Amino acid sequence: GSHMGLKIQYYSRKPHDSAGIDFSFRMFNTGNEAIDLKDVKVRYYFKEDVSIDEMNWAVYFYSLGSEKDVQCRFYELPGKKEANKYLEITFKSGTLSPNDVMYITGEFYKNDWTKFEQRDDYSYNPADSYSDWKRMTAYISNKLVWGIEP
């Protein structure tokens, strides 16, 4: 009984052209040790020509505490054919015991209110139910534990 593990499931009911990108997801502790969410980050990858400072994000719900405890930031991802941006989600608090699940809800937008095209976004899963989603990644202490980077 000696390893940590996470798994992400997510889906978006937004149409492929959308003002908001929904990054709401759930995450399970699949290992056999409790996890401090302060050590965890998650990435949602996409493609956009706008600068990271031309987008804004919001988190509306966090099952393990206040929504204020979920902090996000946009980053550039250069030199990759499959994506050129990610939103990284981090946590100020929260604990997940083995087999427990957490949820967040959140969306991001362009400052100029123009629409995103999501068909070229690596992490987009247009669906109406949960399944394991390998195109969002999760890390513990900066080590990759779930998913596949672009």
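From 1 onward, residues are counted along the sequence shown.
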item: 94 to 102 set against 116 to 124, stretch whose average Cα temperature factor tops the other in the entry; value: 94 to 102
item: Of 47 to 55 and 83 to 91, the one with larger mean CA B-factor; value: 47 to 55
item: Ranked C-alpha temperature factor of residue 148 among modelled chain residues, by third; value: lowest
item: Record-listed C-alpha B factor of residue 42: chain third; value: lowest
item: Residue 4 by Cα B-factor - lowest, middle or highest third of the modelled chain; value: highest
